[PDB]
């Protein structure tokens, strides 16, 4: 069932820093997924992980509280603490970030189709109102609620560059067409 190695798994290990892959592993394994088999989902979780960390890096020192990359029970503990101190409505699904500057939760998505389609997909799910949504694609487009992009252009710009670089490296090894088909 689970093999000794795949071309995707080895690219993922040489593409993202060891802290990112360590956390995607514990995250996937927390939800009954094996990165050695679900190789495309493995690349997605690492991409989604790195995006969230560059996003929180763009803000001020104490601007964001990182929800993603935590144990699922720890993540709900921080969400509970944020809601019970700010009074913000408790979301139905685990968000990725909390923005202390704007007092709203953020959901971050990475898509290999039109940002228009994923945003509508993610918007029909949340239904928490106060939860901001920010969608990125592997082509360089972004999409935010109220067109409020939270961060400046330059922080958002480097995220788009990272995504296109990942798209090229995946294609140079003939792994992109399978990746895009997975979503």
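Each form is matched to the other, and the largest set of C-alpha atoms that superpose within 1.5 Å is called the rigid core. Numbering follows the first chain given and starts at 1.
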More shifted region, core-based fit in 6 other deposited structures of this protein, 127-135 vs 24-32 by CA = 127-135
Output the stretch having the higher mean C-alpha B factor in the entry; the candidates are 155-163 and 6-14.
-> 6-14
Can you tell me which stretch has the higher mean Cα B-factor, 141-149 or 118-126?
-> 118-126
Per the PDB entry, maximal CA B factor within 52, 27, 46, 133 | 27
State the tercile, meaning the lowest, middle or highest third, of residue 62 with respect to the CA B-factors recorded for its chain.
-> highest
If you rank every modelled residue in this chain by C-alpha B factor, which third holds residue 93: lowest, middle or highest?
-> highest
On the chain's distribution of Cα B-factors, residue 82 falls within the third called middle
Should residue 75 be placed in the lowest, middle or highest third of its chain by the C-alpha B factor in the entry?
-> middle
Where the record places residue 112 (Cα B-factor, split into thirds across the chain) | highest
